[PDB]
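Listed below are the residues making up each chain.
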Amino acid sequence: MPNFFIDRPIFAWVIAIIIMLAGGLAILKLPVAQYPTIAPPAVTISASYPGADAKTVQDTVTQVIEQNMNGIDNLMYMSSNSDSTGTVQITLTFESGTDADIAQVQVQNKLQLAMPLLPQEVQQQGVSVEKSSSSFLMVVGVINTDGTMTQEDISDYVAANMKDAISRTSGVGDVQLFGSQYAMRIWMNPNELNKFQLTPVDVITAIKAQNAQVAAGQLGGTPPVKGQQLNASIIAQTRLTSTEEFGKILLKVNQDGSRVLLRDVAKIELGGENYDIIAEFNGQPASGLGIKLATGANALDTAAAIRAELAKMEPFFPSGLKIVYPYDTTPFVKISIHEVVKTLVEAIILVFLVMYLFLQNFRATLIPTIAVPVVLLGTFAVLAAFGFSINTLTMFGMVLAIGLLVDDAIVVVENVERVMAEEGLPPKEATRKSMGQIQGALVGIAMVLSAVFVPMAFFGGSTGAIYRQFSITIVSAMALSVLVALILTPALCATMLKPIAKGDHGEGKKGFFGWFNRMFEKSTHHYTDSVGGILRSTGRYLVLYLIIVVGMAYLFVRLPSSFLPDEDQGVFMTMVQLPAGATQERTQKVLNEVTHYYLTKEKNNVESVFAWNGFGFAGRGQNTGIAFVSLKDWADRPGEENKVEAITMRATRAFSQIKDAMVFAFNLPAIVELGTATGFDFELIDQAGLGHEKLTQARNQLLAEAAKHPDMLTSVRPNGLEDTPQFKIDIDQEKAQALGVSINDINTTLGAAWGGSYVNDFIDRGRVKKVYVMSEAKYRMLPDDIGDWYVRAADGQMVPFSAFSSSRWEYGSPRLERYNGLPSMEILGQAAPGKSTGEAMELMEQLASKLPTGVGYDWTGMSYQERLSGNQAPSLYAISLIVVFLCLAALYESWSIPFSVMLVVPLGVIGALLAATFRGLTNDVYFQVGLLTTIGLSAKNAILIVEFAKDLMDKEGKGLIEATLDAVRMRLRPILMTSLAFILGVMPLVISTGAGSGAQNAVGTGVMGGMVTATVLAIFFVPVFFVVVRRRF
């Protein structure tokens, strides 16, 4: 095949140029992100039953929808929750790779079956099916620099001028708004209402009558009378536009002719639609947009558009308005991508340096160095062809490939150089002679190396998505490398090299190379003699191998396990949960202390704090709060004590002293889509109908057990809410009939005053906005305020609520949760420092087994993927080993040689296990990729010996011992040079400590340690395996 391109070297260069420009074109157009779409798609169903308690909401809404949701294709698990506000959120998670649009359609089809069974007010409120994720792409905060506008004043400007543009910006999927659009608030006062003998029903009726839009037809409309000469529309009542217009709404006229206006009985002002959530930025009033990335969109492309969009509305800002970015993932993505690119460049330079040590020639070492850019760019073109995107996982693939793809070009020039030393043949004739001895070695090594990475691409789950990224990159690199080796290297070796005199071994040089060559040759002779002695006593060394295999198995079970390493993303969360029934003011007091601590004790690291009051991952509630914490640039946070893991440990330690509040600081998970916090996600399931009371006791019992193991479990907490006291008011309808008061009036008066009521819409600066009627704050705070409200009887009298009602206190859960249709309570926690999530996973299962019968458990979120990854790990190795064995046999149709080759696999695996154990790493997704790389690399070193040894017997007729000793003698230098090229190739990953180094260290350490033992042990045991196996068969 090289002979087709030796005659026409221009054709070889033309081929290389095409691959070069194909990669360059691909780079300029490929999408860029940190990770691919590896998180499983999720669909969220949102419904509302205003005013109903959590237990009532669950029975009439959640159960109705859930019972129809079974039987949906590719459904992994389903979870739901309902709270005291009447909100319903049912989340369905599908298998990874499932089409989100098809899944959303199927969910929407099933919803129509349960839609008629829901309450009418639920149907009128509207139930929405939406593709959802728990991770924000970025958070764009808006603050006022002089404090002249309140939170709702800021929120409306964001809602009116920004939300519409942002929500329809390219690639934007969802926009949560931290605040509310302006709404006309009618703060009624019961005392003046009672003075004029009015009721909230009268206020609502008057607003609807006087604030309405009425169609009135046209003048001379069709069919017109003959001779009509004018056509014009008639304009009836229109929506009110100002608070003054609302203020002078006429309610009733007194007997003396006086007019009772709306402003005489209520305060009229522009306020928010709801006041449940309060957001502050560094202790300053603020709002913002919780932008979420659409499924299938690019993180970098959308954020650049969003930042460009924000600069567009900047000229239209009111005075004092400022934009801030408390949360932004793009700086982390860019810095992580660049570090691997920096690592990639260092690998090429180091690979160039080590080869120059051996070849000691500028021109000779340049020929194989030219190959690397061609194939490296070629992998980019293959990525574009298959529809992949540039990411850290693909970035790691080329970095790992660096030690592999150069091996084919390394050994070719070695043979050509060796031919010159042995015979002084001209470079073109030496090149032609070289191929006939080497072609099998090049394809065989490339074929088996690509073979081991093929089965990994066929596995499912989020782990399989990670595996595919390494699969496409490495396999395509190997395929292109052997293509380039046959295409490009023979041409330059025949044109760009220079002859080396026959018999030249380089011992006579005066430079450092002279010392290196003489020492290298002398050490080789001693090594060969040692191998010869070993081959005479192979019985001893078989026992050593069996010890190694036993040791490898012992280390594999001793090594802890995990899913994915944590990273310093520059941001972390702190959650605050006050006891049951805590008001909004009390939670704000705790959040002020939390914000004050970060800005004083951690002013060196914390850039800004963005806190919410009334909202959290445990659900909406005045007693729940959460705060984003933004850290400075990684360049400005040197050392380990300034990292997220250290900061959160100190923050949690300090916040433990805070009384009457539970505060936890945690890092974000490895990927933000699969969960809200790092650690394990544990679900406790009632599988027999134990009820809420018994299930809560089991949850408390489990938490007590976890609290007794602080050495391996930390920050163990429930994700739900404790049972809150409830104010129950009973309306005696029999007394209502006696007093002559309509029941609907009683319900309307109670609902509108205390819970607030949405009447209709109004126009505010050309935008449609809601109108709300509610009691003033000071008249709806205590149970004694119930008697302050009156209902007008049919006879015209005013009667208070106390004359026909009674009140009492009850207890009930403010939030109920279900898992897969069964009642459940969610438990969160983290592994103690030094331990791993897998150990926490193992311990939690043991503790859960002690719970009373009828209570089960299941893992979800990150933990579910953690469990799934471990389960299919044995199948990944078993299939990969089988594939390589069959692939090796295909080269010879003999079983002895592939069996001899696979005997070195434990020699490499033990190196990866030892390296991980000494550094304290864990068996995770990255480590599993390292093992498969080590398996291929260990076989590759063996092939360099077996292939040569096999030829010397079948082609030159040398003896078994003679061929093995001879083939080992020449092949030591290619093995050492290729092994070292891999050692320094992945060394930057091992020594990396910057941003994103957690992933790099996990990948680099396993392959580096494995390759060391795959080189030191192999050069002795591989001759033992080959000799013994061929002696037996």
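Residues numbered from 1 in each chain as written, not as in the entry; some residues may be left out. Heavy atoms only, no water.

Per the deposited record, cryo-EM is how this structure was determined, to a resolution of 3.3 Å.

Q: Quick question: what am I supposed to make of the overall build of the protein here?
A: Check the secondary structure of the protein and you find 31 helices and 30 strands. Expressed along its principal axes, the backbone C-alpha trace of the protein runs to roughly 130 × 80 × 55 Å. Out of the 1033 residues in the protein, the part that is buried amounts to 54%. A fraction of 79% describes how many contacts in the protein between residues 6 or more apart in sequence connect residues 24 or more apart. Carbon and sulfur atoms form 57% of the exposed surface of the protein, whose accessible area is close to 45100 Å². Both charge centroids of the protein, one from 79 positive and one from 93 negative side chains, sit 7 Å from each other. (Helix = DSSP H or I, 4+ residues; strand = E, 2+ residues; numbered from the N terminus. Buried < 20%, exposed > 50% of the residue type's maximum accessible area, 1.4 Å probe, protein only. Contact = heavy atoms within 4.5 Å. Areas by Shrake-Rupley, 256 points an atom, 1.4 Å probe, with all protein chains shown as cover. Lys, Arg positive; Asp, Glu negative; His and termini not counted. Charge placed at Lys NZ, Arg CZ, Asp CG, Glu CD.)

Q: In this structure, what is going on with unusual backbone geometry? I would like to understand it.
A: Note: most peptide bonds trans; most residues except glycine with negative phi. For the bond from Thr222 to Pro223, the omega torsion is 0°, close enough to zero to count as cis. Relative to the assigned elements, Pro223 resides in the loop between β8 (215-219) and β9 (232-235). Even without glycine at this site, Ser715 takes up a positive phi of about 55°. Positive phi outside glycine occurs at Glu893, with the angle close to 55°. Here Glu893 is to be found in the loop between α25 (862-892) and α26 (896-902).

Q: I keep staring at the pairing of strand β19 (residues 662-667) and nothing clicks. Help me out?
A: Successive residues of a regular strand alternate their side chains across the two faces of the sheet. Of all six residues that make up β19, five are buried, and the element is covered over most of its length. When strand β16 (residues 571-577) meets β19, the two strands line up antiparallel, connected through six bridges. Residue pairing in the sheet places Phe572 in a bridge with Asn667 of β19. (Pairing = 2+ DSSP bridges.)

Q: Explain helix α2 (residues 9-27) here, please?
A: Each turn of an α-helix holds 3.6 residues, which means side chains three or four residues apart point in the same direction. Relative to the 27 Å expected for 19 residues at 1.5 Å per residue, α2 spans 27 Å between its end C-alpha atoms, a close match to the ideal helical length. For α2, the set of buried residues is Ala12, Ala16, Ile19, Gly23 and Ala26. Looking straight down α2, one finds that the buried residues subtend no more than 90° of arc, so they occupy a single side. Away from the buried face of α2 by more than 90 degrees, exposed residues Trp13 and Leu25 are located. Residues of α2 that are buried make contact with α1 (3-6), α12 (362-385), α15 (461-487) and α16 (489-493). (Expected span 1.5 Å × (residues − 1). Arc of directions from axis to C-beta.)

Q: Could you clarify how one ought to interpret the packing of α15 against α25 in this entry?
A: To describe two helices that pack against each other, one gives the angle between their axes and the distance between the axes. Closest axis-to-axis distance for the α15/α25 pair is 8 Å, and the angle between their directions is 60°. The angle between the axes of α15 and α25 places the two elements in the oblique class. Together, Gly461, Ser462, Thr463, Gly464 and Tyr467 of α15 and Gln865, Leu868, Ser869, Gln872 and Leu876 of α25 make up the contact between the two elements. Considering only residue class, the contact of α15 with α25 consists of three nonpolar, seven polar and no charged. (Axes fitted to C-alpha atoms, helices over the stretch in contact; angles between N-to-C directions. Parallel < 35°, antiparallel > 145°, perpendicular 65-115°, else oblique. Nonpolar A, V, L, I, M, F, W, Y, C, P; charged D, E, K, R; others polar.)

Q: What should I look at first to understand the packing of aromatic side chains in this one?
A: The geometry of an aromatic ring pair is captured by the separation of the ring centres together with the interplanar angle, meaning the angle of the planes. For the structure shown, the criterion picks out 40 aromatic pairs. Each ring, one from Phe281 and one from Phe610, has its centre 6.0 Å from the other, and the planes form 65°; the classification is edge-to-face. Of this pair, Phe281 sits in strand β13 (residues 278-281) while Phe610 sits in strand β17 (residues 606-613); the two residues are 329 residues apart in sequence, bridging distant segments of the chain. The residues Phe281 and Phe610 share a single accessibility class, namely buried. The interplanar angle of 65° and the centroid separation of 5.5 Å between the aromatic rings of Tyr597 and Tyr598 together place this pair among those described as edge-to-face. Each member of the pair, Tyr597 together with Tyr598, is buried. Clustering of aromatic rings is evident, with ring pairs tying together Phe136, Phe178, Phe281, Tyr327, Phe610, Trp612 and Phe628. Looking at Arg717, its charged tip hangs above the ring of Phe664, at a distance of 5.3 Å from the centre. (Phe/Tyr/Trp six-rings, centres within 6.5 Å; stacked < 30°, edge-to-face > 60°. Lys NZ or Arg CZ within 6 Å of the ring centre and 35° of its normal.)

Q: Where do I start with the sheet that holds strand β24 (residues 767-775) in this structure?
A: Across a sheet, paired strands are connected by hydrogen bonds in the backbone, their directions being either parallel or antiparallel. Strand order in this open sheet of four strands is β12-β7-β24-β23, and the pairing throughout is mixed. Only two strands of the sheet have a single partner each, and these edge strands are β12 (266-272) and β23 (757-764). Taken over all neighbouring pairs, the strand axes of this sheet differ in orientation by 30° on average, direction set aside. For β23 and β24, the ladder comprises six bridges, and the chain directions are antiparallel. The residue bridging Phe762 from the neighbouring strand is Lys769, located in β24. Across the sheet, helix α6 (residues 151-167) is in contact with β7 (182-188), β12 and β24; its angle to β24 comes to roughly 150°. Helix-sheet contacts for helix α8 (residues 200-210) involve β7, β23 and β24, and the interaxial angle to β23 is about 30°.

Q: Is there a simple way to explain the domain arrangement of the protein in this structure?
A: One widely used convention gives an interface's size as the accessible area the parts lose upon coming together. The assigned domain composition of the protein is domain 1 (3-33 + 333-504 + 537-563 + 867-1032), domain 2 (40-132), domain 3 (138-217 + 237-328 + 733-799) and domain 4 (571-724 + 815-866). Inter-centroid distance (C-alpha atoms) of domain 1 to domain 4 is 44 Å. Here domain 1 packs against domain 4, burying approximately 1100 Å² in sum over the two surfaces, 57% of which is carbon and sulfur. Considering only the side of domain 1, the residues that lose the most area to domain 4 are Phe563, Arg867 and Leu868, jointly responsible for 53% of the buried surface there. (Domains from an automatic or database assignment. Buried area = accessible area lost by both parts, 1.4 Å probe.)

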